[PDB]
Amino acid sequence: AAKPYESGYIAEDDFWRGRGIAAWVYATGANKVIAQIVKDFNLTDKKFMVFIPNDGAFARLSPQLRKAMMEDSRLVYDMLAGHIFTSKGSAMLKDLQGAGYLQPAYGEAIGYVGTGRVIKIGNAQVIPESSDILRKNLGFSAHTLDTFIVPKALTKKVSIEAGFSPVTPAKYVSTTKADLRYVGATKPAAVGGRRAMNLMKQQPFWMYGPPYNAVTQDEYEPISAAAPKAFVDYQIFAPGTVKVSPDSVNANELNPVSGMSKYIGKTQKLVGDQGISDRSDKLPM
Amino acid sequence: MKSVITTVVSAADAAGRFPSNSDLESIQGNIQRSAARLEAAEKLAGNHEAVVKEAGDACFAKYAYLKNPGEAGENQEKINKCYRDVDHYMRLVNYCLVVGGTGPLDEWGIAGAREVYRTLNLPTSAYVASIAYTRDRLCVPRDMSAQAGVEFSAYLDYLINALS
Amino acid sequence: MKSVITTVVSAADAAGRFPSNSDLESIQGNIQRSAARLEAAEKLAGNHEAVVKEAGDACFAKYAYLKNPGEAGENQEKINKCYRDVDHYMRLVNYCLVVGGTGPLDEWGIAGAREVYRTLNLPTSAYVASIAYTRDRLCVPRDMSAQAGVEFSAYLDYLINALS
Amino acid sequence: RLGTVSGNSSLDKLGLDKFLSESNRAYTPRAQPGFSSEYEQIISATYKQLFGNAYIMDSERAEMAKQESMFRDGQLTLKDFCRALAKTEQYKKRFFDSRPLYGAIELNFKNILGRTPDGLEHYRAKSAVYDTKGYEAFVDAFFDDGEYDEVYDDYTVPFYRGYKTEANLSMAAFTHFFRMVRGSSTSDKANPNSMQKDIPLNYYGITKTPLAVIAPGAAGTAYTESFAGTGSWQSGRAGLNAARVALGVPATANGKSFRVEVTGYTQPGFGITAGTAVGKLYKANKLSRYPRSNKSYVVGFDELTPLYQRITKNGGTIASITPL
Amino acid sequence: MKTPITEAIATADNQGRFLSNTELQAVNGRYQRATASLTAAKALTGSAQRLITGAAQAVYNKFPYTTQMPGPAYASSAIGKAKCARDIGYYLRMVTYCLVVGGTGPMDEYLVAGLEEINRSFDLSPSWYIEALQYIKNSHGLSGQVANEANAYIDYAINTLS
Amino acid sequence: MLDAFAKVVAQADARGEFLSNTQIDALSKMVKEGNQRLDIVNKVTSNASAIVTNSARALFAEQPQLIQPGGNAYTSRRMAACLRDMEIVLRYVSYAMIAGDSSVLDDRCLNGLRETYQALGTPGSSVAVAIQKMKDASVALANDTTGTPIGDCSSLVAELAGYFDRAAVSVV
Amino acid sequence: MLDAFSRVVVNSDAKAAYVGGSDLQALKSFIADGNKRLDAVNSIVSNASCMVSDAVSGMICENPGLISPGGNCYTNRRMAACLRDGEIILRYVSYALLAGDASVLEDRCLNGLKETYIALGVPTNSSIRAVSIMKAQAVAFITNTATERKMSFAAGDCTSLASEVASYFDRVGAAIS
Ligand SMILES: C=CC1=C(C)[C@@H](Cc2[nH]c(/C=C3N=C(/C=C4\NC(=O)[C@H](C)[C@H]4CC)C(C)=C\3CCC(=O)O)c(CCC(=O)O)c2C)NC1=O
Ligand SMILES: C=CC1=C(C)[C@@H](Cc2[nH]c(/C=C3N=C(/C=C4\NC(=O)[C@H](C)[C@H]4CC)C(C)=C\3CCC(=O)O)c(CCC(=O)O)c2C)NC1=O
Ligand SMILES: C=CC1=C(C)[C@@H](Cc2[nH]c(/C=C3N=C(/C=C4\NC(=O)[C@H](C)[C@H]4CC)C(C)=C\3CCC(=O)O)c(CCC(=O)O)c2C)NC1=O
Ligand SMILES: C=CC1=C(C)[C@@H](Cc2[nH]c(/C=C3N=C(/C=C4\NC(=O)[C@H](C)[C@H]4CC)C(C)=C\3CCC(=O)O)c(CCC(=O)O)c2C)NC1=O
Ligand SMILES: C=CC1=C(C)[C@@H](Cc2[nH]c(/C=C3N=C(/C=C4\NC(=O)[C@H](C)[C@H]4CC)C(C)=C\3CCC(=O)O)c(CCC(=O)O)c2C)NC1=O
Ligand SMILES: C=CC1=C(C)[C@@H](Cc2[nH]c(/C=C3N=C(/C=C4\NC(=O)[C@H](C)[C@H]4CC)C(C)=C\3CCC(=O)O)c(CCC(=O)O)c2C)NC1=O
Ligand SMILES: C=CC1=C(C)[C@@H](Cc2[nH]c(/C=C3N=C(/C=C4\NC(=O)[C@H](C)[C@H]4CC)C(C)=C\3CCC(=O)O)c(CCC(=O)O)c2C)NC1=O
Ligand SMILES: C=CC1=C(C)[C@@H](Cc2[nH]c(/C=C3N=C(/C=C4\NC(=O)[C@H](C)[C@H]4CC)C(C)=C\3CCC(=O)O)c(CCC(=O)O)c2C)NC1=O
Ligand SMILES: C=CC1=C(C)[C@@H](Cc2[nH]c(/C=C3N=C(/C=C4\NC(=O)[C@H](C)[C@H]4CC)C(C)=C\3CCC(=O)O)c(CCC(=O)O)c2C)NC1=O
Ligand SMILES: CCC1=C(C)/C(=C/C2=NC(=C\c3[nH]c(/C=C4\NC(=O)[C@H](C)[C@H]4CC)c(C)c3CCC(=O)O)/C(CCC(=O)O)=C2C)NC1=O
Ligand SMILES: CCC1=C(C)/C(=C/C2=NC(=C\c3[nH]c(/C=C4\NC(=O)[C@H](C)[C@H]4CC)c(C)c3CCC(=O)O)/C(CCC(=O)O)=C2C)NC1=O
Ligand SMILES: CCC1=C(C)/C(=C/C2=NC(=C\c3[nH]c(/C=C4\NC(=O)[C@H](C)[C@H]4CC)c(C)c3CCC(=O)O)/C(CCC(=O)O)=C2C)NC1=O
Ligand SMILES: CCC1=C(C)/C(=C/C2=NC(=C\c3[nH]c(/C=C4\NC(=O)[C@H](C)[C@H]4CC)c(C)c3CCC(=O)O)/C(CCC(=O)O)=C2C)NC1=O
């Protein structure tokens, strides 16, 4: 509502904003409920004891439980009434020793186990580093938990099989220069033309070998069958205009000791690239 | 004596193979994680006399019925053997930190324990309740470093699941 | 596959236990070592056609007798299967740097290899001379880094010692 | 994982993935005084093998605490410990006292030797020891014939080898191995063909007829069938299981014959309609549409694709197809 | 299960063809009606205990012999009363399943197949369950086409019972 | 068979529960996609002959031993049965796309397909290459506009790709 | 049994492809988010005894006919085996979370578990509910939303690890069904 630093922090509604362990009670409207609880059970005269869960306890609260605290305002009432205890009054941490029981404001009774410095209130643990704060007027003790005191009698209505089982979506990782190749194979071959063989990918270099004989994409082109009758003469040009250039002037790169030659013979099909081609450049003709 | 070294040497022996590159990689993780647990064990060494005294009072506080005549904590002599038997479990987790695995707990503290305790009529829940206390009074940036508390807690829950 | 994960899982499955603190300490070694062995696996996967063909004719530069009649490098098909079988071995070394152990080399390249290279009469010292050429071709600052070349050569002479 | 392709392996995804990964070899003649963790693993490994992954509780494991201690200094693990554990009451209660003699005989072939009886003469050689000398020598003939020291080192645990080719068995014994060992999450109390009371290979282990192998974790992995004679002489009954022969004119008309095994037949889902039929739910005579689920068929090749659609559209699950 | 989605698949798979626009429109009409059906199912769920306690009391008012006569079939004892508020919650839950799915499928597979056989055997009267369903048709508080979708599956179960 | 709406109902009947308020809000999103799902089923079905034939054409370019004498697609009856199977898998993947659940896909196509190809000798590593070639012909046909309004359908093309990967691992 | 890295190797081996470029980035992400995975596997095996007892007890409290004469978990031999049937299932799920792949859970546990549970006569509806209770416990310890324990972690989000281990538990219910 107003700023908490007005009237110092001596006001009771502004003190728990100052001692910033429970910030969820003012971020939600939970502080309206505990003011309405002590109306409803008349705790304003007699001393009592509260166990406020801290920030982090609200953050570790489960998504199958935090939904059920939103669709049921009665469930938010007794869970916050399950932290206000009227057994021992304004009890410090040294009076919470041994094993025993505690009476809540509304719910049926909750057992505590207090062993020295570790003190459990039943699915909760008092952090004792900041838990012995006592207010003099409207007098109670307040201790800090790390988990909500959730009794099992409330939460048989909740489960994870309602739909709070967490699932992540996985999406496909295709690249846009690859599925632009693959759309031309979806058309039929009378209208897709030379794009109907677009689905074949790059084989390894031994797959075009003489045991396996994988067919390249260029046999399906007409560029394999370029066998004309006509021929350039090459002697009618001016001398110096016919140019030729070898691949490498080396005996050992043109042909190794094995037959794996990239330039001479029938082993020129055994290249790791040159299996597919770019015939999505032209047309669907 | 389960360690990181002992697990890969015994698995290379089970297949009759030499130490491969998959085996020296596991010894590298023993080098990185060493500085975490070797100063937790240094912390447990010089401050064990007060940790077991704090943990020793935390089981007679929970189970106050042990001091009854006819129970396991009648006189001072049977009380002295309980602070002794919890000082042994704090020495065996000091061994598990410098080894690198659950070896010294699995041999000398856990194997054979649930038939010793059943025959000698000792409740295992009170050997539990002092182990779960020092797991709970440990806050990670004060008592040790941030990664030493992960290793120190990892053996206390291993001891708890063994007794329970 | 023999890996770092599959070793520590199988060791804790035969013992019938949960993943311990020493089984998580081994996967941390898989993190601090993955930077070097994925650099070698990426350097190899980009330039593999030039590494295979440079090593395929290092076989025939040492053993020119394989083109004699009846041998294993007579015709065009037999050298296509020879450059294939070297490229198979370099793919499995790329698979071993990715996984982190000698898993894919053992199950897919080495097991059963002595009985095939003897039945079909392929000289096993020539499936080695191509692997040994690649191990000495590697310049330790030029192609990869220092620890990436340690991992690359250690899987390269595991294959040499398994064929010898 | 299922299949044969995609990993270049067939046996690990046939149910043998855990078994193809262990040695459990006991590398020292006596257990070292001071340490228990290494030898507790070997005792838990020879319990899982010799008892066939049965549950031994702590009140029953304490009944064999004596032998466990003789093994830790002064006995072998292959001999003299598996032999000692087979004479115990825990072994005898669930593997011998529950079944007939030929049922107990092939559970000892699986548990001690790791394989199956090949023919009738493997059964007959072991029943003759029991008839003349009793149970105490009956379990020694599995240890003290030639086969046991030949295939196992006398400090290793036994392992399954009835699928391998170096265990020189018939090829009908390969198919029988995958009736008695169904993956690693199964015992012979948890086997639907022997439920710690039956003879698992009764007609088939004697006559050496092969069975179709169904992988554990498949679609129709729940397929089981009964046994019944068919002839007039043995007073049999017709119409329970399909034949395994394909004899006549229907064998080669419509092409090559196959034998298809279907598993799950329910009353909801017969028609071409995506939903159950509402109304009477049963005809007069009150019988189901399929009185047994787990039906079998003998079909030609030209009738295989109409039958495949007739199975799956009516709720069935194809368990196995095998060419006759 | 009978659904506008699965009946389109089953009529194309029976003919052995691909999903044409005959089938893409039958599932387009399921998506138009789905907004009215999902508000009708969220409201019947959130007011289920009011509708369950009220509909059971509406049967004890019309047929008061069901809280009087001895025997196992009648709601005389506290055990026969608990097995009646369980039967109303079964009939109501199948209606909210049919609104979510989009057809008379979940109450065919789970409730009305075999319904006349379990009524005649355990000696239950179908007139008890009709009056329990006429209450929910008159007390769900829905309006418009939201109530048209809810009352279409309530009226479907009254036709099988009668 | 049962679709994605019937899938969560069957999971809720076996617990004996009404559907949650969170679960109705998750089925409103499945109706909110609605038209984008019907665009993918429209594009895949309308080009069904060209997807099957041009990805069979590209299979025999890379594995040309399948149509040699002694190969598994050499004869007219053995080639026509190969195109028939590739149209069967594309049919039940479009059935699984309109339903949002892979239940008709395995109960009526996939269960028993590995057992069939192992009794016949059909190479299962070549069937999965034909399945993976119809996949990227169809997930590239899914995310092109071509008379659809512009928007993000990247969550529904990860679902269509997951039905092609499911059919491919049930045969390999 | 395959881990996460050896799963993309058997996918590359099916097409004679090297692993590099596009696929190495999804595996370099596995290493970068790898400290979270060890920090989450530790959270499950630290509480592995209380998780199993609370799952079989909660299966019994909702369906108390299982401990009657005729129920499957009647005697002490049957209750101790049901407490051990679930302790193994939790063990194999923690292997698949450490590996990043569900192959060890399917090879060694789920292949054959269905016909295990139909020979013994185990009710599959009750065993699915016992797994479902373990699923809610595993997501609660990973995302630190446990109402009975508060584990210490570094700050961050681990929703992808919780949605991963939830998919392993749903394979258990789909197998034995
Ligand atoms: C229906 C009628 C009809 C035609 C006219 C030709 C037209 C034609 N030419 C080429 C293909 C080509 N056309 C040329 C031709 C020339 N480049 C030059 O520098 C010269 C100016 C000119 C020859 C005089 C060349 C060089 C290529 C090969 C292109 C390449 O891939 O490098 C292609 C691509 C298909 C293939 O590569 O096989 C087509 C459709 N084809 C037809 O079906
Ligand atoms: C080196 C490894 C090592 C260990 C882990 C312990 C384990 C251990 N503790 C005890 C023994 C004991 N443990 C307790 C403990 C208790 N009784 C109580 O009142 C409480 C329930 C609880 C306090 C913690 C007692 C009283 C004994 C002595 C038993 C007796 O006197 O009868 C014994 C029997 C021998 C003896 O100490 O008398 C052993 C082996 N001892 C070891 O040597
Ligand atoms: C190596 C073993 C080892 C342990 C198990 C713990 C246990 C422990 N805690 C404290 C002592 C303390 N421990 C805390 C606790 C905390 N303080 C905070 O800032 C956090 C909020 C919270 C972490 C839960 C506090 C406030 C004290 C001082 C008060 C006291 O307990 O006496 C002491 C007394 C010595 C001292 O610290 O003054 C010991 C032994 N510390 C250890 O060295
Ligand atoms: C995935 C792992 C994997 C491998 C490592 C290889 C291993 C391998 N290589 C060859 C096969 C071969 N290896 C060679 C090799 C050579 N010839 C020579 O002159 C030199 C000795 C050497 C070149 C280095 C030849 C010629 C064959 C074919 C044998 C033949 O033609 O009969 C074969 C026989 C099958 C075939 O015909 O291809 C196999 C299994 N294959 C695999 O699947
Ligand atoms: C993926 C695996 C992989 C390897 C194992 C290496 C191996 C390698 N080295 C060279 C190539 C070379 N390597 C060297 C060697 C050296 N150069 C120096 O500056 C150093 C002094 C010395 C290190 C010993 C030289 C001088 C060349 C160029 C001459 C040649 O073609 O070999 C080439 C040919 C391509 C080129 O670099 O032009 C290859 C494949 N590179 C790789 O990509
Ligand atoms: C019976 C036959 C039948 C169909 C075929 C569909 C056809 C269809 N799609 C959309 C509507 C749409 N369709 C798409 C889908 C896409 N847009 C893209 O860019 C992607 C390529 C593709 C996803 C894969 C999107 C994104 C919208 C909504 C437009 C928007 O909100 O931006 C609409 C209008 C609804 C609206 O505008 O919200 C219609 C009628 N519906 C039918 O009833
Ligand atoms: C590798 C993985 C692996 C498993 C999963 C288990 C699977 C398994 N469970 C049991 C055996 C059993 N499993 C159960 C479990 C249950 N019954 C119920 O009612 C509950 C729903 C459920 C507990 C969650 C019970 C009660 C038995 C014993 C049945 C009996 O003793 O008759 C058996 C037979 C034990 C024997 O033969 O002695 C096997 C093999 N074992 C394995 O090795
Ligand atoms: C019939 C009797 C009966 C029971 C025994 C409990 C059993 C029980 N526990 C949980 C639910 C849970 N159980 C645990 C487990 C633990 N929590 C801790 O504080 C410990 C560290 C650890 C073991 C004791 C956790 C972490 C949750 C989820 C959230 C939480 O409690 O923090 C659930 C919900 C499962 C679901 O969502 O479907 C059930 C039914 N409930 C019952 O109705
Ligand atoms: C060295 C070996 C090793 C361990 C001893 C354990 C312990 C551990 N956890 C984390 C570190 C972490 N652990 C988590 C996990 C979580 N945090 C949450 O808030 C969730 C509740 C939970 C599951 C999602 C996160 C989010 C980080 C931060 C680092 C990261 O995001 O990778 C780190 C890295 C912090 C650092 O760099 O120092 C370590 C060492 N894990 C290991 O790998
Ligand atoms: C492809 C064509 C074809 C063949 C090969 C065939 C064999 C055949 N012989 C059968 C029975 C039989 N076969 C015999 C034959 C003999 N028993 C003897 O003791 C003699 C040694 C011997 C012949 C003299 C008898 C007696 C039966 C009846 C078995 C019985 O009812 O117990 C049966 C069982 C069905 C039946 O009882 O009619 C088949 C299928 N049936 C065929 O349709
Ligand atoms: C030849 C004469 C004949 C026999 C013997 C026969 C048995 C038979 N019982 C069946 C089902 C059934 N049987 C039961 C019976 C029971 N479930 C229980 O929980 C109780 C313990 C028990 C009896 C009260 C149930 C519930 C089904 C349906 C299972 C299902 O369809 O999912 C089915 C499956 C098909 C169907 O739904 O009808 C057959 C074939 N059918 C026949 O025609
Ligand atoms: C999900 C689909 C489904 C339906 C429809 C269903 C009905 C159903 N109601 C039953 C009993 C019952 N139904 C009633 C209900 C009534 N009797 C009265 O007096 C009232 C007027 C009326 C309720 C308003 C009673 C009292 C029984 C117990 C009868 C007996 O045990 O003999 C029984 C006998 C089995 C049992 O004892 O539980 C069935 C099967 N069960 C189902 O699973
Ligand atoms: C529920 C719907 C359904 C399925 C799932 C089905 C599978 C099926 N595929 C078959 C054959 C076949 N399937 C293939 C397919 C291939 N072989 C190859 O080399 C390629 C890699 C691959 C596809 C391109 C071939 C070649 C045959 C014929 C095998 C033979 O005739 O021997 C047959 C044998 C009958 C015949 O068609 O001649 C069946 C029953 N049939 C069905 O009705």
# chains A, B, ... in the order shown; residues from 1 in each chain; ligands from 1

call {"tool": "residues_near_ligand", "arguments": {"ligand": "ligand 13", "cutoff": "7 Å", "atoms": "only C-alpha atoms and all ligand atoms", "output": "PyMOL selection string"}}
result
(chain D and resi 301-302+304-306+308-309) or (chain F and resi 56+66+72-73+77-79+81-83+85-86+88+108-110+113+116+120+122-124+126-127+130)

call {"tool": "interface_residues", "arguments": {"of": "chain G", "to": "chain A", "cutoff": "7 Å", "atoms": "only C-alpha atoms", "output": "mmCIF file with C-alpha atoms, in the first residue's frame"}}
result
data_model
loop_
_atom_site.group_PDB
_atom_site.id
_atom_site.type_symbol
_atom_site.label_atom_id
_atom_site.label_comp_id
_atom_site.auth_asym_id
_atom_site.auth_seq_id
_atom_site.Cartn_x
_atom_site.Cartn_y
_atom_site.Cartn_z
ATOM 1 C CA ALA G 16 28.616 -43.556 -42.996
ATOM 2 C CA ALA G 136 6.503 -36.710 -8.491
ATOM 3 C CA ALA G 140 10.468 -32.375 -6.685
ATOM 4 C CA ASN G 144 13.921 -28.312 -5.229
ATOM 5 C CA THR G 145 10.135 -28.212 -4.672
ATOM 6 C CA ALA G 146 10.200 -30.957 -2.030
ATOM 7 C CA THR G 147 8.017 -30.127 0.933
ATOM 8 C CA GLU G 148 10.064 -32.263 3.358
ATOM 9 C CA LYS G 150 15.566 -28.318 1.167
ATOM 10 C CA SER G 160 14.866 -29.508 -19.040
ATOM 11 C CA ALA G 162 13.042 -32.562 -14.888
ATOM 12 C CA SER G 163 11.143 -32.959 -18.156
ATOM 13 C CA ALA G 166 9.712 -37.491 -16.333
#

call {"tool": "residues_near_ligand", "arguments": {"ligand": "ligand 12", "cutoff": "9 Å", "atoms": "only C-alpha atoms and all ligand atoms", "output": "number ranges by chain"}}
result
E: 55-60, 63-67, 69, 71-77, 79-91, 93-94, 107, 110-112, 115, 118-119, 121-125, 127-129, 132; F: 13, 16

call {"tool": "residues_near_ligand", "arguments": {"ligand": "ligand 5", "cutoff": "6 Å", "atoms": "only C-alpha atoms and all ligand atoms", "output": "ChimeraX atom specification"}}
result
/C:43-44,47,50-51,134,137-139,143

call {"tool": "interface_residues", "arguments": {"of": "chain F", "to": "chain E", "cutoff": "9 Å", "atoms": "only C-alpha atoms", "output": "VMD selection string"}}
result
chain F and resid 1 to 6 9 to 10 13 16 to 21 24 to 25 27 to 28 31 to 32 34 to 35 38 41 to 42 45 to 46 48 90 to 92 94 to 95 98 to 99 104

call {"tool": "closest_atom_pairs", "arguments": {"of": "chain B", "to": "chain G", "cutoff": "7 Å", "atoms": "only C-alpha atoms", "output": "JSON lines"}}
result
{"residue": "B:154", "atom": "CA", "partner": "G:46", "partner_atom": "CA", "distance": 6.9}
{"residue": "B:157", "atom": "CA", "partner": "G:46", "partner_atom": "CA", "distance": 5.5}
{"residue": "B:158", "atom": "CA", "partner": "G:46", "partner_atom": "CA", "distance": 6.6}
{"residue": "B:161", "atom": "CA", "partner": "G:49", "partner_atom": "CA", "distance": 5.7}

call {"tool": "write_last_selection", "arguments": {"atoms": "N, CA and C atoms", "output": "PDB file, in the first residue's frame"}}
result
ATOM      1  N   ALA B 154      27.319 -35.537   0.931  1.00  0.00           N
ATOM      2  CA  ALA B 154      27.061 -36.679   0.061  1.00  0.00           C
ATOM      3  C   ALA B 154      27.364 -37.994   0.754  1.00  0.00           C
ATOM      4  N   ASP B 157      24.443 -38.667   3.744  1.00  0.00           N
ATOM      5  CA  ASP B 157      23.240 -39.312   3.224  1.00  0.00           C
ATOM      6  C   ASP B 157      23.513 -40.729   2.755  1.00  0.00           C
ATOM      7  N   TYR B 158      24.753 -41.038   2.381  1.00  0.00           N
ATOM      8  CA  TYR B 158      25.069 -42.417   2.045  1.00  0.00           C
ATOM      9  C   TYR B 158      25.068 -43.293   3.286  1.00  0.00           C
ATOM     10  N   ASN B 161      21.119 -43.726   4.258  1.00  0.00           N
ATOM     11  CA  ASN B 161      20.423 -44.729   3.459  1.00  0.00           C
ATOM     12  C   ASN B 161      20.892 -46.147   3.758  1.00  0.00           C
TER      13      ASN B 161
END

call {"tool": "residues_near_ligand", "arguments": {"ligand": "ligand 7", "cutoff": "7 Å", "atoms": "only C-alpha atoms and all ligand atoms", "output": "JSON, numbers by chain"}}
result
{"D": [53, 54, 55, 56, 184, 185, 186, 187, 188, 189, 190], "G": [56, 66, 72, 73, 77, 78, 79, 81, 82, 83, 85, 86, 88, 89, 108, 109, 113, 116, 120, 122, 123, 124, 126, 127, 130]}

call {"tool": "residues_around", "arguments": {"residues": "residue 102 (chain D)", "least_positions_apart": "6", "cutoff": "9 Å", "atoms": "only C-alpha atoms", "output": "ChimeraX atom specification"}}
result
/D:123,127,199,201-202

call {"tool": "closest_atom_pairs", "arguments": {"of": "chain D", "to": "chain F", "cutoff": "10 Å", "atoms": "only C-alpha atoms", "output": "JSON lines"}}
result
{"residue": "D:1", "atom": "CA", "partner": "F:169", "partner_atom": "CA", "distance": 9.1}
{"residue": "D:2", "atom": "CA", "partner": "F:170", "partner_atom": "CA", "distance": 8.0}
{"residue": "D:3", "atom": "CA", "partner": "F:172", "partner_atom": "CA", "distance": 6.3}
{"residue": "D:4", "atom": "CA", "partner": "F:172", "partner_atom": "CA", "distance": 7.2}
{"residue": "D:5", "atom": "CA", "partner": "F:172", "partner_atom": "CA", "distance": 5.1}
{"residue": "D:6", "atom": "CA", "partner": "F:172", "partner_atom": "CA", "distance": 5.9}
{"residue": "D:7", "atom": "CA", "partner": "F:172", "partner_atom": "CA", "distance": 9.5}
{"residue": "D:214", "atom": "CA", "partner": "F:115", "partner_atom": "CA", "distance": 9.3}
{"residue": "D:218", "atom": "CA", "partner": "F:111", "partner_atom": "CA", "distance": 8.6}
{"residue": "D:219", "atom": "CA", "partner": "F:111", "partner_atom": "CA", "distance": 6.1}
{"residue": "D:220", "atom": "CA", "partner": "F:111", "partner_atom": "CA", "distance": 8.2}
{"residue": "D:258", "atom": "CA", "partner": "F:119", "partner_atom": "CA", "distance": 8.8}
{"residue": "D:260", "atom": "CA", "partner": "F:116", "partner_atom": "CA", "distance": 9.8}
{"residue": "D:262", "atom": "CA", "partner": "F:112", "partner_atom": "CA", "distance": 9.8}
{"residue": "D:269", "atom": "CA", "partner": "F:1", "partner_atom": "CA", "distance": 9.3}
{"residue": "D:274", "atom": "CA", "partner": "F:1", "partner_atom": "CA", "distance": 6.5}
{"residue": "D:275", "atom": "CA", "partner": "F:1", "partner_atom": "CA", "distance": 8.2}
{"residue": "D:304", "atom": "CA", "partner": "F:116", "partner_atom": "CA", "distance": 9.8}
{"residue": "D:308", "atom": "CA", "partner": "F:112", "partner_atom": "CA", "distance": 8.7}
{"residue": "D:309", "atom": "CA", "partner": "F:108", "partner_atom": "CA", "distance": 7.6}
{"residue": "D:310", "atom": "CA", "partner": "F:108", "partner_atom": "CA", "distance": 9.9}
{"residue": "D:311", "atom": "CA", "partner": "F:108", "partner_atom": "CA", "distance": 8.8}
{"residue": "D:312", "atom": "CA", "partner": "F:108", "partner_atom": "CA", "distance": 5.2}
{"residue": "D:313", "atom": "CA", "partner": "F:108", "partner_atom": "CA", "distance": 6.4}
{"residue": "D:314", "atom": "CA", "partner": "F:108", "partner_atom": "CA", "distance": 9.4}
{"residue": "D:315", "atom": "CA", "partner": "F:107", "partner_atom": "CA", "distance": 8.0}
{"residue": "D:316", "atom": "CA", "partner": "F:107", "partner_atom": "CA", "distance": 8.6}
{"residue": "D:317", "atom": "CA", "partner": "F:111", "partner_atom": "CA", "distance": 6.9}
{"residue": "D:318", "atom": "CA", "partner": "F:112", "partner_atom": "CA", "distance": 5.3}
{"residue": "D:319", "atom": "CA", "partner": "F:112", "partner_atom": "CA", "distance": 6.9}
{"residue": "D:320", "atom": "CA", "partner": "F:115", "partner_atom": "CA", "distance": 6.2}
{"residue": "D:321", "atom": "CA", "partner": "F:115", "partner_atom": "CA", "distance": 6.1}
{"residue": "D:322", "atom": "CA", "partner": "F:119", "partner_atom": "CA", "distance": 6.0}
{"residue": "D:323", "atom": "CA", "partner": "F:119", "partner_atom": "CA", "distance": 6.6}
